[PDB]
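Chemist: Below is the structure I would like to discuss, written out as structure tokens.
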Amino acid sequence: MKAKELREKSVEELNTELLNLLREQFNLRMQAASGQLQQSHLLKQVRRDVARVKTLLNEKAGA
Amino acid sequence: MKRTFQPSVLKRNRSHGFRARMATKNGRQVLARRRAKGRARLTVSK
Amino acid sequence: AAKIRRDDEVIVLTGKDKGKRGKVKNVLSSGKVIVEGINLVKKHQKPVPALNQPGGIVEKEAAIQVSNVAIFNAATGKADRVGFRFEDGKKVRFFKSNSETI
Amino acid sequence: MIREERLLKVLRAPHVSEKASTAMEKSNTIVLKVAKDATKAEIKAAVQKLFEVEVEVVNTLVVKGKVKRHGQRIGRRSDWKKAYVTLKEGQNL
Amino acid sequence: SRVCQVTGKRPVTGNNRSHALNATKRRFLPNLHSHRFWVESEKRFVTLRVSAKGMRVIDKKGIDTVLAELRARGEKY
RNA sequence: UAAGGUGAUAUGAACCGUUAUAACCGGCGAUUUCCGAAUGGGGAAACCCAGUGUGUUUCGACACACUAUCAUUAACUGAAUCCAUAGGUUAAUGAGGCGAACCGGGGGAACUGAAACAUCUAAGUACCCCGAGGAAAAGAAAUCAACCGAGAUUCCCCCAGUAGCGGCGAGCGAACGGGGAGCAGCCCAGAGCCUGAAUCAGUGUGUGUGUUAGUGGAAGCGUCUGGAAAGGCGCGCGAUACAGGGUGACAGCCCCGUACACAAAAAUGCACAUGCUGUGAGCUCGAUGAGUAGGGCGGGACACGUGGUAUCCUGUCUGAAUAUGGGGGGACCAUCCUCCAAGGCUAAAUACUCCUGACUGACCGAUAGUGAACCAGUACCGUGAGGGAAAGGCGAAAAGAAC
RNA sequence: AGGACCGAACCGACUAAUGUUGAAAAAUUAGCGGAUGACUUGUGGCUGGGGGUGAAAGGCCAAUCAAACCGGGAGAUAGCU
RNA sequence: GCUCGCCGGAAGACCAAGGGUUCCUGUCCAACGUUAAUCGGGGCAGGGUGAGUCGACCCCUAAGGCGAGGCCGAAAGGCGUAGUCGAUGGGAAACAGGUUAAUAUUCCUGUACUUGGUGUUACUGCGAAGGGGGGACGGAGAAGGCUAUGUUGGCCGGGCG
RNA sequence: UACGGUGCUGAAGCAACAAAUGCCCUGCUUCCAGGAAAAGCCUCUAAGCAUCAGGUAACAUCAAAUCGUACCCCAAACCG
């Protein structure tokens, strides 16, 4: 990450969003599986979107 | 009636199957010949 | 490069209609394109209106070689040649028959 | 720590079939998909605080075989794990 | 292996021949045999397999030559 | 690169992108499941389970790594045993396994030819074990040569089917020396003087010359025939360009191209500067190659069958000299001549291929070409090593026969 | 009690018939030979080719044996058809 | 459906393995079935398989294999210690009422029950891989007890010609 | 209630004797050719450690993970 986006909108939600990080994805995964209104673009919202920040934040090593 | 073979699946894996051949010089040489012939099966033990 | 695109008129130089013109309605892969109204052929199948359609079935124009379309000249009623690049303007189609180039 | 919030990696999808639409109609029971480890050590302590409902009991079975699709070569269905979850009201000791 | 542990000297291919026409392979073998030696710099004895005339070399060279044939092949005493 | 895109059979449907992270391509990266040499330990491959340590309680061990074996470089512990050391613990690095052919060491045929057949040949080949390199091997004269001279090695052509050897038979067949390809030399047997000095590597960078996602590139129409033309006819046009891919009849001019024109974020072949650091000069006096040579007994390798058998190698006995000393010069002696063994390393002409890339195809066209053009080492068969198919081509356009 | 006699399970073949392009490269019938024993049987392991195993037949070693099965040498060799 | 007939230690019936959807539903007849075929142990698309307790895993081990260090063998390979695996042997807890087209010692409904962990109060030596005890295992022979079972009686439901 | 299933209700529910291959039983008895071991379990101690862990008593308490489960069955679902 270049300094214009480096550690913005990411470290300040690293622990405080953790109680909704998997629940909000699960909520949408359960809904994107139903076929409601034939919406298939939801599979590009519950995936290809929600790992994109935290996996660029990875630099601590170990646990 | 019958003709010299068992349904025994253990005897079909224990001595000519992958781990049993992979434990032997000449068996590891068969794994190479199956790759040289280009078969989709490395072992027919199953 | 792409010589034809969606906006210029094509003469269709094949022995398919031997007159009629159109434009590209969709651009495809592997050297093919679709041209508006050129091949609206009926298919020998039932329309199944189900009292849910008024109704009928509808023709859709089918893929042809991009090498068969050719641009229309609109000056003598013949085909034209495109060409590429100029000393001014980015990635421009040259139009080998016009003294003006963008 | 004891239990992390990383452990909320449970559940895959809903499922829809007449067995549930008939033989689970007079119970508050639901059908779900789970992945290979079936989360058997953490699912009960997780799903009670993940889906707005309280859980009574959890089970999971494996849907196996059906290797046939075409008259030439093989097209495998491959194994998948199907969960049956019942939601709670009151107590029963 | 009947190969000399202090020199690397090996068996050799060769035939047996007579007045007669039919001849056969023989292959000749090294004469190595056990002897116990003293390792004074380690205050201990060691048992080593040596050939005839081979000790007459070691007894004029010192055992630190043999302990360097051994170490060249990582072998312990 | 591109207004396109969410791959094919694929229809359908929901969405994306065009200045603001489009899809796709090339380069530079990120993360990297389980089993496998498989290696913490196990097992009926994709399963089951330890120890140790660091962080942490939110106080059920949660989180996350390391850990076969030997060798090497070296600690911790340590029995008989006093110090020590076997044994045990650990870390760091190396080896293992797989791979086409050539290659080095070990093991190594038969059939075939000799018109039989036992020596010989086939043949150190086929095949099996092990190891290793870009080649292996060979190497800087214990070389020859012949009293005249050459001056590391190897491969090709000759020498020469001669001289040799040979159940003297079949066969085997040189050397010396000549013509080429190809020509780098160094280190130990210690260590003082002198120094980091061609050369290589590791890590970092730059330039030149190639390779590359790429980019431009001429002209044929009118009309007749026909369902459809490039044919025919009429009048031509481009020619550095009429190679041929083809495309919907005989296309230089339809497109894709050809001749020719263009360019380098960065990666990368090659050659070279250079920063750091490791490696390597210059010079001199000593040391100075021993169970090693030589001689027998048994043999091998030599074209050579052991003969008069030298050379080179040696299982085994014997056994020195040590430089007026040692080796070979075809048994051996004498003289003469020329090298100096008993430590090691190495440039490339050569051998070779699964692969990668180009170049040529008077090679094939479905009982041709590989087992193979039809999702064919796939179906099919066998306990398994192993064996292994049958089966092409409606059209321009599915317009694949509505009503 | 029983290396006794009867006899079903099980094991095994004296005769007659059926079958060998047969249902089957060993199965069938009717009278049967044995049947606590040198018995027989479920299961696994160990032993391999000029070697195994055999109250030991060139028998058995997966239809195969005076050297089986598979591959390589191999396009063996054939004064002959 | 009714009747007739055959088998009845089997031509009845319970269950592992091993095979592989054969169990459920639909439509496909083209191919299949040693005949029609409307049927399916056929073709094809979809449905159905839930465990603290079952049988397995963990623990322990036979025959035997695997085997660091150690050893023999040109080599392939073999031997073997420390250890480590392993069944055809030994070890913790399960039975069966509900039922759907097809599911169940698994869910539903009851009852039974074993092993491992966390922790307080009071008092307080616990404990092995070692030692002991037991586990524990020849083949027949001969009484007794007992129970699902047998066969009538009674009882309830029905029959009375 | 679409009775398209899904419940509600409910009789008798007992005596006689005989009886296994199953249960007492791997019992007992009897002869002989003299007949697996280990672990769980009980218990003794070694180790190590301390108002820890364990043990005895009372009482709360977290888990039971790992594999399989349909269908066939002396059978046109195994083997030929």
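From first to last, the protein sequence lines are chains BY, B2, BU, BT and BX. Just so you know, we're using PDB author numbering here: the first sequence kicks off at 1 and counts up by one. Just so you know, we're using PDB author numbering here: the second sequence kicks off at 1 and counts up by one. Just so you know, we're using PDB author numbering here: the third sequence kicks off at 1 and counts up by one. Just so you know, we're using PDB author numbering here: the fourth sequence kicks off at 1 and counts up by one. Just so you know, we're using PDB author numbering here: the fifth sequence kicks off at 1 and counts up by one. Beta carbons: idealized from backbone N, C-alpha and C, even for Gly.
1. Taking the runs of the alpha helix (DSSP H) that are 4 residues or longer, which of them lie wholly in the stretch 14 to 52 of chain BT?
2. Cβ of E18 (chain BT) less than 8 Å from any chain BY Cβ?
3. Taking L48 (chain BX) as part of the beta strand (DSSP E), name the residues at either end of that continuous run.
4. Comparing C-alpha positions only, which one of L19 (chain BY), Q45 (chain BY), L18 (chain BY), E17 (chain BY) sits nearest to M30 (chain BY)?
5. Please identify the residue among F72 (chain BU), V48 (chain BU), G15 (chain BU), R93 (chain BU) whose C-alpha is closest to the C-alpha of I64 (chain BU).
6. Report the partner residues of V39 (chain BX) according to the DSSP bridge assignment.
7. Find the nearest neighbour of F28 (chain BX) within the set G8 (chain BX), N15 (chain BX), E69 (chain BX), judged by alpha-carbon distance.
8. Between which two residues does the alpha helix (DSSP H) holding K2 (chain BY) run?
9. So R47 (chain BY) contacts chain BT; which residues on that side make the cut at Cβ distance below 8 Å?
10. Might you give, ordered along the chain, the residues of its own chain that have their beta carbon closer than 7 Å to the beta carbon of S1 (chain BX), omitting 5 neighbours on each side?
11. Considering only residues of the same chain and omitting the five flanking positions on each side of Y77 (chain BX), which have a CB-CB separation below 7 Å?
12. Distance check for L11 (chain BT) and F26 (chain BY), CA to CA, integer angstroms please.
13. Could you tell me which residues DSSP puts in a beta bridge with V55 (chain BT)?
14. Could you run through the stretch 30 to 42 of chain BY and flag, in chain order, every residue whose CB is less than 7 Å away from some CB of chain BT?
15. On the criterion of 16 or more Cβ atoms from any shown chain inside 10 Å, does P47 (chain BU) qualify as buried, or is it exposed?
16. Count the other CB atoms within 10 Å of the CB of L22 (chain BY); is the residue buried (16 or more) or exposed (fewer)?
17. When the Cα atoms are used, what is the spatial distance from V47 (chain BT) to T60 (chain BT)?
18. For the stretch 6 to 32 of chain BY, list every residue whose C-beta sits within 8 Å of some C-beta in chain BT, in sequence order.
19. Over what stretch of residues does the beta strand (DSSP E) that includes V11 (chain BY) continue unbroken?
20. What does DSSP give as the partner residue(s) for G22 (chain BU) in the beta ladder?
21. Under 9 Å, CB to CB, which of the residues in the stretch 50 to 61 of chain BT have a partner in chain BY?
22. Could you tell me the alpha carbon to alpha carbon distance between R81 (chain BU) and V35 (chain BU), rounded to whole angstroms?
23. Out of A32 (chain BY), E59 (chain BY), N15 (chain BY), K4 (chain BY), point me to the one whose CA is closest to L43 (chain BY)'s CA.
24. Helix, strand or coil: how does DSSP classify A79 (chain BU) here?
25. Should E24 (chain BY) be counted as a contact of the ligand ZN given a C-beta to heavy atom distance under 7 Å?
26. Considering Cα atoms alone, identify which of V58 (chain BU), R93 (chain BU), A74 (chain BU), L13 (chain BU) is closest to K3 (chain BU).
27. Under a Cβ-count criterion, where at least 16 other Cβ atoms within 10 Å of its own Cβ denotes burial, should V44 (chain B2) be classed as buried or exposed?
28. On the DSSP letters alone, give me the boundaries of the beta strand (DSSP E) that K32 (chain BU) sits inside.
29. Anything in chain BY within Cβ reach of residue 94 (chain BT), meaning under 8 Å, just list it in chain order.
30. If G27 (chain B2) sits next to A20 (chain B2), beta carbons under 8 Å apart, how far is it from one beta carbon to the other, in whole angstroms?
31. How about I71 (chain BU) and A62 (chain BU): are their beta carbons less than 8 Å apart?
32. Short of 6 Å in beta carbon distance, which residues of its chain neighbour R77 (chain BT), apart from the five on each side in sequence? Order them along the chain.
33. For the candidate residues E18 (chain BT), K88 (chain BT), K82 (chain BT), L7 (chain BT), whose alpha-carbon lies nearest to that of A41 (chain BT)?
34. Starting from the C-beta of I30 (chain BT), find all residues in its chain whose C-beta is less than 6 Å away, skip the five residues before and the five after it, and write them out in chain order.
35. Please name the residue, chosen from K44 (chain BT), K81 (chain BT), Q91 (chain BT), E4 (chain BT), that lies closest to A35 (chain BT) on a Cα-to-Cα basis.
36. Return the CA-CA distance between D8 (chain BU) and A75 (chain BU), expressed in angstroms with no decimal places.
Modeler: Working from what's here:
1. 18 to 23, 43 to 47
2. no
3. 44 to 50
4. The shortest Cα separation from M30 (chain BY) among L19 (chain BY), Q45 (chain BY), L18 (chain BY), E17 (chain BY) belongs to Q45 (chain BY).
5. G15 (chain BU)
6. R44 (chain BX)
7. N15 (chain BX)
8. No alpha helix (DSSP H) contains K2 (chain BY), which DSSP labels as neither H nor E.
9. Result: empty, since nearest Cβ-Cβ is about 13 Å, beyond 8 Å.
10. none
11. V46, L67, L70
12. 7 Å
13. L87 (chain BT)
14. Listed by position, the residues of the stretch 30 to 42 of chain BY near chain BT (Cβ gap below 7 Å) are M30, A33, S34.
15. exposed
16. buried
17. 14 Å
18. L18, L19, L21, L22, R23, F26, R29, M30
19. Taken as a continuous stretch (DSSP letters only), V11 (chain BY) belongs to no beta strand (DSSP E), as it is neither H nor E.
20. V10 (chain BU), per the DSSP bridge assignment.
21. Residues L50, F51.
22. 18 Å
23. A32 (chain BY)
24. strand
25. Summarising the ligand content, the structure contains no ligands, and the ligand ZN is consequently not present.
26. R93 (chain BU)
27. exposed
28. 32 to 35
29. Here chain BT covers residues 1 to 93 and nothing more, so residue 94 (chain BT) does not appear.
30. 7 Å
31. Not closer than 8 Å, so no.
32. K66
33. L7 (chain BT)
34. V85
35. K81 (chain BT)
36. 14 Å
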